[PDB]
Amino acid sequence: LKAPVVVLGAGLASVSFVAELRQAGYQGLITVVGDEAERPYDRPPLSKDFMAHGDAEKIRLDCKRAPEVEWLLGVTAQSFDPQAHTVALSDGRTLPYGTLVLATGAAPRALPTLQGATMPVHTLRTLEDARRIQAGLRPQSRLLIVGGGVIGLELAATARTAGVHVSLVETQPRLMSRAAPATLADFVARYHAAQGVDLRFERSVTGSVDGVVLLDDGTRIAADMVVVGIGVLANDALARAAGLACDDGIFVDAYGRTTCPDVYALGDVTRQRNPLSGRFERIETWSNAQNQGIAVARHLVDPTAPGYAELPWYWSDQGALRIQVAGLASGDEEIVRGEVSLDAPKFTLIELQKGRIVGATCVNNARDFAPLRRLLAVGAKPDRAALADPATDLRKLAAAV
């Protein structure tokens, strides 16, 4: 930790990091560069309640635990020189740094086959994006969503609630293949289909002509608007240019260190060790941005502190489904607590590997999620008969560990 500190990006990872720097006792300069001209804000509401109520003043991040920070909003960091220890800004200024933190997030992947489209085609990452999409959610209009991942499905539910007709094209044979157990994804598809979403599995978009999207089975889907949610790409261009190790994401260790001295990285832009798989992955979650920002700041101020150690988890709100997912999507065994039913959906899934909990899912069952995250953290090996048995309560199981 050398002053001054400069952070590039003003999203959750950045705000969480700089708040922790202050709270841990660092009193030197902190400057944050954010390319969006927006008071820092949280993204999860964008495909959820914001989409419904439209009040951006309900989604702002709390920067009050980060006193004495200069936020340069609406400014783009164009490059940095890690020898000179400087950052070049789009407004023509240069910032010096002792420690540089890259917290620049990720951007939606574009669909190459719609690049020449003559119909609206949007992606959803920013407040500007959400406002643009929401304005097009005219009741009785037709929306096509490309991609059956979390953003696509949250938008699908939002659009159906709004009275919009929804079709959805997914290249895989299932939804949410990235980070969800098969049992969850099968149920989720039954849910969306029951709510009127026209799901097209094992299909791809091949092009579009005069307001109509073309598919690889030689068929057509007419739509008024297309939203593409086919994943993200790390915003790692400054790091690539400056000579850091990166591959769709900046490689970092548990201290947040890049391969370049005095340069760190946090949040969606990083590729990092998942302790449960033991492999490097991009972890594209809200809880990672917050918790990794906090851990890296803490260790910078106090090098005796441990490196980042938290295990991954996320949630998704898709209409009537409040989905929570921790750890790995599969092991060698799955245990199902409750009935999997479209009538008052409520269940929990537990993934085991040789008797040890490696992942858990809760659908409309928030009470079970915290105990299971604690069992997961210690790699508990509970009685499998007990885990299934509905009589068992999980909180007491966790507390006994």
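We number the residues from 1 along the sequence you see.
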| note | Mean B factor on CA atoms, stretches 110 to 118 and 311 to 319, record says higher is 110 to 118
| note | Stretch with higher mean Cα temperature factor, 38 to 46 vs 62 to 70, is 62 to 70
| field | Position of residue 257 among the chain's modelled residues by C-alpha B-factor, lowest, middle or highest third | value | lowest
| said: Based on the deposited C-alpha B factors for this chain, I'd like to know if residue 353 is in the lowest, middle or highest third. | reply: middle
| message | Using only modelled residues of the chain, where does the Cα B factor of residue 370 rank: lowest third, middle third or highest third? | response | middle
| query | If you rank every modelled residue in this chain by C-alpha B factor, which third holds residue 152: lowest, middle or highest? | reply | middle
| message | Per the entry's values, where does residue 330 land by CA temperature factor relative to the rest of its chain, in the lowest, middle or highest third? | response | highest
